[PDB]
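Colleague: take this sequence and fold it.
(2 chains)
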Amino acid sequence: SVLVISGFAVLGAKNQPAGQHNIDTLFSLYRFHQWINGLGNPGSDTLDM
Amino acid sequence: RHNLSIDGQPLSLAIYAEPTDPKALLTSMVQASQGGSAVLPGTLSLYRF
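Modeller: Numbering: from 1, shown residues only, chains lettered A, B, ... in the order given. And now the structure:
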């Protein structure tokens, strides 16, 4: 929800337009998901900030 | 010169500092802001309450 509403600017992209679907952006999504999970319970608040 | 015996066996016991334990990986629930429905002006029915 957060990523799509923000136009994927929260995820970002290196030198590329954000929101594209390819193996590189999927790889970034996977690593970003791991970071969110490791944050624990304050993860939702950190994502909101 | 290289601290070996006459047969070539080493004379000093080495060490390697055993790798530091397994790792814990956790997942968490993530929540986001959610809105509600709105209300419109109502029609006037022909029947009583």
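Colleague: show me which residues of chain B sit near chain A.
Modeller: B:25-33 (CB under 8 Å from any CB of the partner chain). All C-beta spots, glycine's among them, are computed from the backbone N, C-alpha and C.
Colleague: top of those residues by neighbour count?
Modeller: residue B:30 (16 neighbours; other CB atoms under 10 Å in any protein chain shown).
Colleague: dead centre of chain A: give me the residue that sits there.
Modeller: residue A:11 (3.6 Å; CA atoms, centre = their mean).
Colleague: and it, what does it touch?
Modeller: By CB atoms under 8 Å, 6 or more residues apart in numbering or on different chains, the residues touching residue A:11 are A:3, A:18, A:25, A:28-29, A:32.
Colleague: would you turn the residues of chain B next to chain A into TSV with secondary structure?
Modeller: Compiled in TSV, those are given as follows (DSSP: H, G, I helix; E, B strand; the rest coil):
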residue	secondary structure
B:25	coil
B:26	coil
B:27	coil
B:28	coil
B:29	coil
B:30	coil
B:31	coil
B:32	coil
B:33	coil
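Colleague: output the set of residues of chain A in proximity to chain B.
Modeller: A:1-2, A:36-41, A:43-44, A:47-48.
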